[PDB]
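Visitor: Following this: a sequence and the matching experimental structure.
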Amino acid sequence: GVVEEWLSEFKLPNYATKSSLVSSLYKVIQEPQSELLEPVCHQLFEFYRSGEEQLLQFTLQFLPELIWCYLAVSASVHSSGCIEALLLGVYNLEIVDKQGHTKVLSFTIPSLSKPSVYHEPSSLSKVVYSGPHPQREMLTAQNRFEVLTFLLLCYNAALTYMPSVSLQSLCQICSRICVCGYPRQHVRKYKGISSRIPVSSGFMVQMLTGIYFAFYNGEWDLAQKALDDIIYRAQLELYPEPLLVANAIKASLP
Amino acid sequence: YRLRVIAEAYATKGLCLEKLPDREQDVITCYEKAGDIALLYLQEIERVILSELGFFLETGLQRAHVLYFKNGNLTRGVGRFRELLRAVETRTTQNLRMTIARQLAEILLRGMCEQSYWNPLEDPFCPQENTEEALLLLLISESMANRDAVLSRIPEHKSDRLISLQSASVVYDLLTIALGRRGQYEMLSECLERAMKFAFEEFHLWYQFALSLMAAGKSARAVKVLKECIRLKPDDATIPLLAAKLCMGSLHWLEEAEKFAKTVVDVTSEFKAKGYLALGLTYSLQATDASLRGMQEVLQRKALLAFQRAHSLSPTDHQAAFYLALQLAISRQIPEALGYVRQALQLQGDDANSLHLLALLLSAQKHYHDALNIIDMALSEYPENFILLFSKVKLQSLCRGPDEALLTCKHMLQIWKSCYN
């Protein structure tokens, strides 16, 4: 292939700054019949090793597609068994490697009794929302969703630089995942494997953040239907906070 | 007085130049200086008054950012918005700062990520991240907005009340969307509690307040507000479902649970099935809490009948089948129960309660080592459980010998020591 021979001859950000790779790589992961799937997977790992920014920024957008495909098909027929290792390695690199310490993401809420850059009081506590996350060794049925939400948040942190095709694909996954094993699928006429994936509340909130951001970039009908399925599933499963956030989103439209 | 004259002169010059086939940036610059001199004149007059209202100066000030954000000049537009906000507020700019603050909060919340922002003083109290400045903006806006309320009089006029309600709804909507994503619910709940003054017959704020209260930990207040929500609009069935679910939780109120279950059942299939499930669970708990003989069997037969109805009404719910099998096992009927849990496990085989019940049934059938194996991979999938450890200890002591039981006991003691301080 094009990228195949590019790697064959290959074996400072201006190396690719390429307008023909991303589509081919996305079409590669589409079908599960790929002889070079795992080699190109750890080659993507090798790209992620490069601390140079553009490669990681322009290769992080592939995560939702594989997260659906090879974590719903293998984790339902065929078990590749190495992409999970890639995800675990990326998780460890992200959580551990900033300068030699684990992150404690935090911010402080404002106040009204202290002068600010826009107001005066004449006429403060620190809060933590993430971390620490100890490293893992195997994707168990007891901790895999925590790392899934962490990866989703890390991908969320930089939505500015991804293209529209990634947004469309992300909306498609976010819609089809939560309605796959329920009767409403025959309303949508979506085929595949009839099973239910036990998602959590934080996972729903984190996809809702991305859905809200994508709602104002032309994508209207897909995001609308995805919100419909999200609120339907949340109402079915009796999850308070995602339903509250969905209602807030719905009641704030023109 | 001449400054507003030259500002209107620039406005008229731009209005005339729009008909002549980049001069537009020159018109933008004259607009910026017109706005600057207008603000300076306002500051001077508000200084003087201790010792009026034009028409086109605001147009000249605003069309600049209108062109900025309609031509894609997002960076310069937000910079000019920030600089306009930097002006010290007087008695004549409160509504302008209202509008600009609201628009800035919206565009910052739905326009870009965190890694594309820097402090107001610098150029790509001092905020460090975008949601912090958005929160500060929302607090100041609501704080000096709460004093223009209309407080639901409705003697003869309504339109101003509608506009005020719209503004309150949108400001609290932005507050909710800002605070929910970061998992901070206490301050949100207090915010809605303070906001609760305006509403008299409006469903939205009652619903949101009930949801926030129920998602924060407090239960009884949520139950009362949820009851009033039942009173307001008797169409949704999810709200009584939530009330019933909270009723049989840690509160341990049982009569109200059956009341809500009867209400929801007595109203699609996917909802009446859940209502039947809740009714069966309530009946089973009431049976478990009985004190005499006959009533236990009466409630047990009621519960199994309801469970059978719920199972029949929906064929693809593993929870209903699992609970029906559990209720059957409570009645000592083994083969049907084991078949039912087999079907449920076929529906989903990654659970924990299903495997635990299968192991319990195997032990009750006197096949010790197969249940031991089942518990073995159950712990393999969940290496940090507690009840499974007790069951495995009991099985090991019953089958092999005290040595492995002591080993497991010391291992679980070490697990507890590691997990706690």
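Guide: Ah, there it is. Numbers count the residues shown, from 1 in each chain, chains lettered A, B, ... in the order given.

Visitor: Give me the neighbour count for residue 134.
Guide: Just going to use chain A. For residue A:134, the tally of surrounding residues (other C-beta atoms under 10 Å in any protein chain shown) stands at 8. The way it works is simple: take the backbone N, C-alpha and C, and place the C-beta from them, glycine included.

Visitor: ah, I was thinking of chain B
Guide: Per other C-beta under 10 Å, the neighbour tally for residue B:134 reads 21.

Visitor: what sits against it?
Guide: Contacts for residue B:134 (C-beta atoms under 8 Å, 6 or more residues apart in numbering or on different chains) come out as B:105, B:108-109, B:174, B:178.

Visitor: Please apply the same query to residue A:162.
Guide: Listed by C-beta under 8 Å, 6+ apart, the contact partners of residue A:162 are A:60-61.

Visitor: and stretch A:139-159, does that touch chain B?
Guide: Yes: interface with chain B: stretch A:139-159 contributes A:140-142, A:156-159 (C-beta under 8 Å from any C-beta of the partner chain).

Visitor: And that stretch, how far out from the chain middle?
Guide: How far stretch A:139-159 lies from its chain's middle: 7 Å, per C-alpha atoms, centre = their mean, to the nearest Å.

Visitor: Then stretch A:228-247?
Guide: The chain centroid and the centroid of stretch A:228-247 are separated by 19 Å under C-alpha atoms, centre = their mean.

Visitor: what does stretch B:136-149 give?
Guide: When C-alpha coordinates are averaged (C-alpha atoms, centre = their mean), stretch B:136-149 and its chain have centres 23 Å apart.

Visitor: Also stretch B:392-401?
Guide: 46 Å.

Visitor: quick one: contacts of it?
Guide: By C-beta under 8 Å, 6+ apart, the list of residues contacting stretch B:392-401 reads B:363, B:368-369, B:371-372, B:375, B:379, B:404-405, B:408-409, B:412.

Visitor: ok, now stretch A:29-42?
Guide: Outside stretch A:29-42, the residues that touch it by C-beta under 8 Å, 6+ apart are A:3-4, A:7, A:25, A:28, A:62, A:65-66, A:69-70, A:73, A:78, A:80, A:82-83, A:86.

Visitor: Which of these are buried, as a ChimeraX select command?
Guide: Burial among these is assessed by 16 or more other C-beta atoms under 10 Å in any protein chain shown; the matching ChimeraX selection reads:
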select /A:3,28,62,65,66,69,70,83,86
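
Visitor: Among the contacts of stretch A:29-42, which are located in helices?
Guide: Using DSSP state H, the subset of these located in helices is A:3-4, A:7, A:25, A:28, A:65-66, A:69-70, A:83, A:86.

Visitor: Determine the number of other residues adjacent to residue B:201.
Guide: When neighbours are defined as other C-beta under 10 Å, residue B:201 has 7 of them.

Visitor: Can you name the residues in contact with stretch A:110-130?
Guide: Stretch A:110-130 has contacts (C-beta under 8 Å, 6+ apart) with A:103-109, A:153, B:85-86, B:89, B:120-121, B:125-127, B:132, B:135-137, B:139-140, B:143, B:182-184.

Visitor: try 6 Å
Guide: With contact meaning C-beta atoms under 6 Å, 6 or more residues apart in numbering or on different chains, stretch A:110-130 is reached by A:105-106, A:108, B:85, B:125, B:135-136, B:139-140, B:182.

Visitor: Stretch A:223-237 now?
Guide: By C-beta under 6 Å, 6+ apart, the surrounding residues in contact with stretch A:223-237 are A:171, A:174-175, A:178-179, A:211, A:214-215, A:242-243, A:246, B:238.

Visitor: Please narrow the residues you listed to those residing in helices.
Guide: Among those, the ones falling in helices (DSSP H) are A:171, A:174-175, A:211, A:214, A:242-243, A:246, B:238.

Visitor: re earlier: tell me which of the contacts of stretch A:29-42 is nearest to residue B:288?
Guide: Taking C-beta to C-beta as the measure, residue B:288 sits nearest to residue A:73 out of the contacts of stretch A:29-42, at 42.7 Å.

Visitor: Quick one: name the residues of chain A near chain B.
Guide: Counting by C-beta under 6 Å from any C-beta of the partner chain, chain A comes close to chain B at A:107, A:110, A:112, A:116-119, A:129, A:141-142, A:158-160, A:209, A:216, A:235, A:240-241, A:244-245, A:248, A:252.

Visitor: Just the residues of stretch A:139-159 next to chain B: which are in strands?
Guide: Applying DSSP state E to those, no entry is found in strands.

Visitor: Could you export those residues to TSV, including columns for neighbour count?
Guide: Formatted as TSV, the residues of stretch A:139-159 next to chain B follow (neighbours: other C-beta atoms under 10 Å in any protein chain shown):
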residue	neighbour count
A:140	13
A:141	13
A:142	13
A:156	17
A:157	13
A:158	17
A:159	21
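
Visitor: Return the set of buried residues in the longest helix along chain B.
Guide: Criterion DSSP H: the longest helix present in chain B is helix B:23-48. Under the neighbour-count criterion of 16+ other C-beta under 10 Å, helix B:23-48 has B:27-28, B:30-32, B:34-39, B:41-42 buried.

Visitor: follow-up on the earlier one: put the buried members of the ones in helices among the contacts of stretch A:223-237 into a ChimeraX selection.
Guide: What follows is the ChimeraX syntax for the buried subset of the ones in helices among the contacts of stretch A:223-237, where burial is set by 16+ other C-beta under 10 Å:
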select /A:171,174,175,211,214,242,243,246
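
Visitor: Between the ones in helices among the contacts of stretch A:223-237, which sits nearest residue B:231?
Guide: Among those, residue B:238 lies closest to residue B:231 (C-beta to C-beta), at 15.8 Å.

Visitor: Now for that closest one: which residues touch it?
Guide: Contacts for residue B:238 (C-beta under 6 Å, 6+ apart) come out as residue A:235.

Visitor: From residue A:199, how far out is it?
Guide: Distance of residue B:238 to residue A:199, computed by C-beta to C-beta, to the nearest Å: 19 Å.

Visitor: likewise residue A:181?
Guide: Per C-beta to C-beta, residue A:181 is found 11 Å from residue A:199.

Visitor: picking that back up, could you pick out the buried ones from the contacts of stretch B:392-401?
Guide: B:363, B:371-372, B:375, B:379, B:405, B:408-409, B:412.

Visitor: Please tabulate these in a markdown table, including the columns distance to chain A.
Guide: Output for those, formatted as a markdown table (distance: C-beta to the nearest C-beta, whole Å):
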| residue | distance to chain A |
| --- | --- |
| B:363 | 24 |
| B:371 | 20 |
| B:372 | 21 |
| B:375 | 16 |
| B:379 | 11 |
| B:405 | 25 |
| B:408 | 19 |
| B:409 | 22 |
| B:412 | 17 |
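
Visitor: With secondary structure and distance to residue A:57 added, can I get these in JSON lines?
Guide: Putting these into JSON lines (DSSP: H, G, I helix; E, B strand; the rest coil; distance: C-beta to C-beta, whole Å) gives the following:
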{"residue": "B:363", "secondary structure": "helix", "distance to residue A:57": "55"}
{"residue": "B:371", "secondary structure": "helix", "distance to residue A:57": "52"}
{"residue": "B:372", "secondary structure": "helix", "distance to residue A:57": "51"}
{"residue": "B:375", "secondary structure": "helix", "distance to residue A:57": "47"}
{"residue": "B:379", "secondary structure": "helix", "distance to residue A:57": "42"}
{"residue": "B:405", "secondary structure": "helix", "distance to residue A:57": "55"}
{"residue": "B:408", "secondary structure": "helix", "distance to residue A:57": "49"}
{"residue": "B:409", "secondary structure": "helix", "distance to residue A:57": "52"}
{"residue": "B:412", "secondary structure": "helix", "distance to residue A:57": "46"}
